[PDB]
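Visitor: Residue numbers (the deposited numbering): 6 to 108. Even for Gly, the Cβ is constructed at its ideal location relative to N, Cα and C.
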Ligand code: NA
């Protein structure tokens with residue numbers, strides 16, 4: 006009927022669904038981020054992992070993309086493991102130079 010009582014409890018159903026949706030998003034990101042850090046501990050040297058942790062503080066979206074890509078590169082076996090801070094700096098300089106030529 007969409008009388009007042011139905012609108013009230015449909016909108017309550019929406020608040021409950023948004024809360025659940027957002028609680029589930031917060032939980033999934035925390036657990037997946039935990040497992041990505043467990044991979045980064047083994048695939049990066051301590052100094053390289055420290056640099057990526059620092060990048061995540063200042064450029065979180067960039068850092069999340071870079072984590073996913075380093076994890077894929079390591080799984081692929083194409084690159085020697087662990088990735089050193091020197092090697093991570095070369096990857097970052099390559100990204101920087103590739104985006105200057107596309108600026
Ligand atoms: Na290193």
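Where residue 104 and residue 51 are concerned, what is the direct C-alpha to C-alpha distance, given to the nearest angstrom?
Guide: Straight-line Cα distance between these residues: approximately 27 Å.
Visitor: Report the three-state DSSP secondary structure of residue 76 (helix, strand or coil).
Guide: Looking at residue 76 - three-state DSSP - the assignment turns out to be helix.
Visitor: Please indicate yes or no: does the CB of residue 50 lie closer than 6 Å to some heavy atom of the ligand NA?
Guide: yes
Visitor: Quick check on the DSSP output: what are the complete alpha helix (DSSP H) runs of length 4 or more inside the segment 7-86, in order along the chain?
Guide: 9-48, 51-63 and 65-81
Visitor: Specify whether the segment 7-16 and the segment 41-50 touch according to this definition: at least 3 beta carbon pairs, one from each stretch, less than 8 Å apart.
Guide: The segment 41-50 and the segment 7-16 do not touch, with fewer than three beta-carbon pairs separated by less than 8 Å.
Visitor: The alpha helix (DSSP H) that contains residue 105, what's its start and end?
Guide: 90-105
Visitor: Would you say the beta carbon of residue 107 is closer than 6 Å to some non-hydrogen atom of the ligand NA?
Guide: no
Visitor: Going by beta-carbon coordinates alone, are residue 44 and residue 96 separated by less than 7 Å?
Guide: No, the Cβ-Cβ distance between residue 44 and residue 96 is not below 7 Å.
Visitor: If we call anything under 7 Å between Cβ atoms a contact, is residue 72 one with residue 41?
Guide: yes
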